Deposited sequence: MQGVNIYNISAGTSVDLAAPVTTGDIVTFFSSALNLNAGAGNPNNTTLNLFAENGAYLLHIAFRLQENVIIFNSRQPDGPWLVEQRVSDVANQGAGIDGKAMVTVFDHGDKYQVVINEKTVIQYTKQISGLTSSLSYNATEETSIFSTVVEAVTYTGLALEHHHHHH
């Protein structure tokens, strides 16, 4: 087990020191909660793509291969608190076959993976700085 803090500027990504695999957590802290958060694989594929669309009253989840087309988009109405301090908490559990996304204390989606692989990179897009904390090495034998 190990904790890793990060600083992700809007429009950029970070290579994780310790990759996120099955049984691992990742939580983004965002004051700015027009925005997307991403879990990228080594081969540049979007394992999980969270897109917050306000003017559309919906949150979007999708996956894209290294050089492929976007896949089956998953939508959730903005209908889905506050967070730690002055910033929302978008958490993501890597459940192996699914990605559980918890916005603050409320679970918002049980996303059936469209692309397997371990997350070794994270990104945050604008539309200024979000932090991320990775809990890894959580699974025993």
Segments lacking C-alpha coordinates (deposited sequence numbering, starting at 1)
1, 35 to 44, 92 to 93, 141 to 147, 162 to 167
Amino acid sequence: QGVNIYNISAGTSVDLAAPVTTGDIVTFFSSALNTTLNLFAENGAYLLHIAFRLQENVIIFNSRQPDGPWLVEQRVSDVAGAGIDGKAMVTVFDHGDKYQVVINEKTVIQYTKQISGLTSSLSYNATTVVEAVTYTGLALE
From here on, numbers count along this sequence of modelled residues.
Looking only at C-alpha temperature factors in the entry, 54 to 62 or 89 to 97, the higher average sits in 54 to 62
Take the C-alpha B-factors listed in the entry for 71 to 79 and for 111 to 119, compute each mean, and give the stretch with the larger one.
71 to 79
In this PDB entry, which of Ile84, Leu37, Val102, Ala41 has the top CA B-factor?
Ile84
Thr22 - Cα temperature factor, lowest/middle/highest third of chain:
lowest
Chain thirds of CA B-factor: placement of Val130
middle
Going by the recorded CA B-factors, say which third of the chain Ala139 sits in, lowest, middle or highest.
highest
